[PDB]
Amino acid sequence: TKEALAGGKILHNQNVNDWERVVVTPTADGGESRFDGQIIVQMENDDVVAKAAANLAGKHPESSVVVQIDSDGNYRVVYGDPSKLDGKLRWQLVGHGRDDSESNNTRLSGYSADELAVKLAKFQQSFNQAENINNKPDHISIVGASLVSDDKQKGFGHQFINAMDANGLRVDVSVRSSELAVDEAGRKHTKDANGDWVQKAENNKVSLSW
């Protein structure tokens, strides 16, 4: 059964050292990725979020690093080796989207688009300093429900791509206007107009670029 990343329970994003850690099970049918490595960034201490982050890493088990990061900016690596992060990198940000508006959700794991950009910019420098690694992403995949407007023209993803650039991270951003879930193979599902979970519905996502 799919569990949406659309909120519904209380946000717990503080004190990373007190978060659950879940097992990543490598799946062997992940195929090829354009990214040489990736960071899965788990943004809150919630079972749906933690499982989704672990399942994404399991799709590319040899080149994925999972980080948990809290409201104070403290982070820890819970899967993978940062030394694999060389080349064309993606970050997949995993959290619940919440706080609806005319342009859909306004917060991912409690963070506005501006706040999220600041957090990620600090994290890039902290991670690079502590791990001695350039983790600079080319692409951010926002793995949370309904973080761009239905027509794909407004909302969180648009404010986020600009705020990221303002904070020194020029990235492409993929983001979904619908509810979103991650399955046991690390593949994403969105909800269609009928409320049914589907895969590869390109109409539910947009890739914002420069």
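Numbering starts at 1 and runs along the sequence shown.
In this crystal structure, the stretch out of 128-136 and 83-91 whose C-alpha atoms carry the higher mean B factor is 128-136. Annotation for 147-155 versus 62-70: the higher mean temperature factor (C-alpha) is found in 147-155. Taking only the listed residues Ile40, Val175, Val48, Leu169, the entry reports the highest CA temperature factor at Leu169.
When all modelled residues of the chain are sorted by CA temperature factor, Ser101 is found within the highest third. In the deposited entry, the Cα temperature factor of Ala163 places it in the middle third of its chain's modelled residues. Among the modelled residues of its chain, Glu32 has a C-alpha B-factor that falls in the highest third, as given in the PDB entry.
Among all modelled residues in its chain, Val206 ranks in the middle third by Cα B-factor. Split the chain's modelled residues into thirds by C-alpha temperature factor. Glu184 is in the highest one.
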